[PDB]
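Comments concern the structure below.
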Amino acid sequence: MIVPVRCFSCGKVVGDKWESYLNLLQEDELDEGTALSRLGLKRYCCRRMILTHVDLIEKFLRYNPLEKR
Amino acid sequence: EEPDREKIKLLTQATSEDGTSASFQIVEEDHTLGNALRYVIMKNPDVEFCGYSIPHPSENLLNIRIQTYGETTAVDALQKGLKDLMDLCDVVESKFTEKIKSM
Amino acid sequence: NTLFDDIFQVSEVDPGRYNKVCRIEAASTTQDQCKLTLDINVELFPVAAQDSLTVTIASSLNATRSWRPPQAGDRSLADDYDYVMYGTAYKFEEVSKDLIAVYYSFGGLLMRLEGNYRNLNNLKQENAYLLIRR
Amino acid sequence: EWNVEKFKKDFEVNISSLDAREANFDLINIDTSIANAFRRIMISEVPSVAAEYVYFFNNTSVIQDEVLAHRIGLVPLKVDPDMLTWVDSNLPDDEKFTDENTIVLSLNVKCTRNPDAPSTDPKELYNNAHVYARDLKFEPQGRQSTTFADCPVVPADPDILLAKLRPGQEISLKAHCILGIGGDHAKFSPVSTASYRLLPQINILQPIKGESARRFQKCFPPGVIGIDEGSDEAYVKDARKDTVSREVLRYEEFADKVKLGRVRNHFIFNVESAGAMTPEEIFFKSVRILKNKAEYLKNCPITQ
Amino acid sequence: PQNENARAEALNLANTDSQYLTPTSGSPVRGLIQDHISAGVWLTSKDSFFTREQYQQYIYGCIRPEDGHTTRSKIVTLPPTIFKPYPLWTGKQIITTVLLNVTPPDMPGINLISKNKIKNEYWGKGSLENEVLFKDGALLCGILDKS
Ligand SMILES: [Zn+2]
């Protein structure tokens, strides 16, 4: 589903960094370890939450019973 | 005139007749103040025994126990420790103020 | 009152899987029969090999009450000596003729003496101070 | 012989860095019981403002109602405490929230199809397809208009993605943001992480000059050990810089020539923040809580 | 159970305190299991040295007079086993103090000579930590185990 707002272990706000993360991997073309360090994630608790997120909400939203398919 | 009296409680089943030994039970506490206060009561040279004990973690109760030698009851060692921890938070707050005003 | 006193020559200091306790083996310098085997907290009181300790066993310090932490201007027999323990005697053993060996346990830190004459003044009392100078 | 005047002769604070969001500083020669209690209170007992009661009028999106209610509560709000007071729970819900307890946020988002030229990006393709946390607008109730005119209530991180939508779907809610502490729920914790660490102590035992001292460098972070010559050989520059990896204790050259330990009354606090308060101000609150946690026991009758 | 005849038999016949030994061979079935075992090999070790603040904290952490654990209504302690550099209590001396407080005062101490599961050569040359010794209720030698 959507990215968690806070890290589970420390509690830093992590939810505002998912769309900034995908810009760095797509547009700026960095690897995953350098894009996470540029967003400020440095404890490996919060580091593995943007790193390891699936984002299934883009797969759920294809099924919409409120508009013509 | 309603002061709260359900906070600190002298357990009379474990209190000596003289008052040189007494156990207490504070509500809504834990290792936070239970260990910080136990440090300061033990710096009284009349306190023979001091320790806190949390009887169960699922409820907020804190048994502390003070045993003295003499010429100071175990309540007078509790309120001497509570005064020297009030005075110990003044030293921390006033040193840390003077190092922000110095930057 | 002093029950025993001699000067020992440390021959071996074995750490042996511990970090704070070293076993001491020590023969004496005056008599040829009395040995020593002592576990000391070597962190507080470091002992190398070929040292010269002064080992005294006292019965008290000069019907007392109990232990109380030290305070203003109290005087004791422990002031002269650099390392005081307090333990009990649990076993007496005769090795042979004139080789009585006594056993101490300073809270688990064991000790074994040996000799002949000390049977006048080593009872199996649950109070025996042990004090090391130098 | 301890005394509070003898505590004051030997207590120092070195502030290494201070920032809007974090603060690293030292507490020299204080006990572990007191230094833990400041860490203990910064996480739990320091109050902060977060959304507690969420009133959905419609939620036609994919995210559940209680999941989306839970996500609003974790959004940190840039509200100063001591602008609110505490809620009172022994009285019913019509009397419970005032303009002195409560900050009322609201959210009203509808998603619609956008006419755009063409796998296309769903921000160019839909209108309001991403509900960010900055869409929670502040509604001044009562007299929260002359007292919040300097500072409106805005989330501390305004780009938090709260939900995603598709056309037809909508979210229409209204939340009450009450004051609470981190021991009740974690969303009131005013700090990302407050923690301390002891100052490491790196004791060289023998002189290890020369080629051994060059390979003694590499067992540590680079600023820790330094060299000058065979004299001023291999010394500790910054032990505070060291993380205790114990990398030197697994090379058999060095395993007797060094010992690692801590300085047991030198604490290095790293106090971060969730944005609601500056990190040097959730330490002043933390030492004043422990003082006021002791006055309320002194100024109190000893029952029975 | 719903009457007083059955409450007198869940307290006196089928309670856990009378079920210490099983009747299959007479062996005990009740004891501490996994990590209280592996903590008594560190507490009752010879490296354990507690100071005065720590020693009084492990006593009252487990023995509370208010909940009726003691027999004396005043927690009694022992002299330290080190006096002169710094007063330190041994970890075996805590097991002595907890037996000093929960056993009845009129009866004398326990006396026991037993063994451990740990051989002497794991502790070093000339150790006697396989021999458990209690003399007048005082643990004087040996670590405490599953055994
Ligand atoms: Zn984290």
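Note that the numbers count up from 1, one per residue, in the order the chain is shown.
Positions of Cβ are set from backbone N, Cα and C atoms, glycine also.
For reference, Swiss-Prot has these:
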- A:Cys7, A:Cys10, A:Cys45, A:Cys46: Zn(2+) binding site (BINDING)
- A:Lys59: ubiquitin cross-link (CROSSLNK)
*Between A:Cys10, A:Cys46, which of the binding-site residues has the fewest other CB atoms within 10 angstroms in the structure shown?*
A:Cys10
_Roughly how many Å lie between the Cα atoms of A:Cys10 (Zn(2+) binding site) and A:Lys59 (ubiquitin cross-link), rounded to a whole value?_
29
*asked:* Quick check for the class: what is the C-alpha distance, in angstrom and rounded, between A:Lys59 (ubiquitin cross-link) and A:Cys7 (Zn(2+) binding site)?
replied: 23
*Residues from the recorded positions A:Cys10, A:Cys45, A:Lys59 that lie close to chain D, Cβ under 8 Å, in sequence order*: A:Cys10
*Which residue, of the binding-site residues A:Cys7, A:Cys45, has its CB surrounded by the fewest other CB atoms within 10 A?*
A:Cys45
*Would you identify the secondary structure of A:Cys10 (Zn(2+) binding site) according to DSSP, in three states?*
coil
